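Coming up is one lone chain in structure tokens, specifically the form deposited in one PDB entry.
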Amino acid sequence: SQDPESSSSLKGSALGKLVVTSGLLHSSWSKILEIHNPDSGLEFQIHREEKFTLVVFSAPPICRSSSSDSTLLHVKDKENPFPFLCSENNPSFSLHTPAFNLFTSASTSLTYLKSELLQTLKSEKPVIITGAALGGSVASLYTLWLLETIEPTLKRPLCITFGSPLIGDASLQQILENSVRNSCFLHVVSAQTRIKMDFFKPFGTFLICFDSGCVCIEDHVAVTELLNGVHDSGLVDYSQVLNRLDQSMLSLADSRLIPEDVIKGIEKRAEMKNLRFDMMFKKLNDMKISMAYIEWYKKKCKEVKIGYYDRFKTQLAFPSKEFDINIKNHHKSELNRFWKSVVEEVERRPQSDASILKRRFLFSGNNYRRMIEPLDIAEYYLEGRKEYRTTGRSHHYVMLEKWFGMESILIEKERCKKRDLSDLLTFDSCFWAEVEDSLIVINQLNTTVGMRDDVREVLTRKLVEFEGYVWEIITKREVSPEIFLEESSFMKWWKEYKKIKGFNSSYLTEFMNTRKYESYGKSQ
């Protein structure tokens, strides 16, 4: 027998019928009929209606042998019309060569058209781009091109294709999977249509039309299961397809057009996407809460003259306080988990969408790194590992600094020239790695038996290097005053450095010996 329809099955049905009764398919296809019949290059006509503006694309007949002919487009390539479509993960993608060649060979008249369309969208007048077969492919490429620099506040254009071949590869599919652009494409195909999907892959939403109705499939895995074949089927007459859809609306046929197991897949992947949200609203507040706990922890460690770096490191070596243990096991780990995912998410989105997400987390990401990377450094060196800055940094820290460590650092230092520095997070988030490295140098100089005199001179140079580094960030007021807390690893470094460098003097030496650091980082 049969068991009741699933949730996703009813969505695709309702969405399908919605599109049908909307009249969008009819109005699009009728204008398509006009452009083919009232040398063989790309053609287009513009219909400026009251509700919207419609652009119809027309291309020469599909060459079947050039089915899997692809053109590779790289972000580094200056002849790539879609640089903002590339992502960090996928710096390149491939396009159907005939479609791409038609697109580029019309770059002049399409650039002129882009001016009008972008201005049309600015007046909040929506825009539709459509085409059949290869014309639909070029129509899709043109839509992707419009979305390259478009204002996200503007109404998004809609691309409707009829019986078009596939256009992009797996790389492009993976990109659009993480982009708002993917919701701008409605690919209408007959249920009898089959596509060889060995290289090129589906993107966007597919409207699959049966005699007794149609269904919207967004899941590209399902579209593949439904439409993949060993033969590229020709273009059907969508005049008749739409006609049978109109007769479908007055039909009492609630037939299940989509197979059983295909639905099973769509659902399983749907639930896993409702969790991949990572709730950037709820978890966002969870992050602010955990950061608040860290700030509280940092204040407590300051008041006991240790500093949160060394207190964390100490409790890591010998856990004895529940509050400190909770800070590590819950709040630090929660923050690490979040910001790693944020970095991953930025890297899989096309540059256009990624840039928006980066601006949203500019300040907060910079603040997280400068606050939390010290704690990972503490663990790193407690574990007996070496050379953190060059061999041990977590990827997400490096990316966060790469993205956010150049811009905001200019305005923040502006304020930190007259203001008190009690709350200042040390700008160089690898500061403590430098301290740990220099401690190791000192210990080598003190304990290594039979060390050659030339090796000793090298290590002695390292000490002087670090001292210059320290004095620099002190003079430039780019370091937290908490490094001078009496139980900190920096003050231990100074004590050990003092013993080993002997009778020679310096700017830092006088600064420390006269205890001028007690007045460091005050208002002025």
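A residue's number is simply how far along the shown sequence it sits, counting from 1.
From this point on, the text means the form deposited in another entry, which you will not see here.
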| property | result |
| --- | --- |
| Option at the hinge, rigid-body rotation between this form and the one not shown, list 278, 498, 104, 302 | 278 |
| Direction of Cα pair change residue 144-residue 399 in the other entry, magnitude 3 angstroms or more | closer |
| Cα distance between residue 352 and residue 95, which in the other entry differs by 3 Å or more from this form, closer or farther | farther |
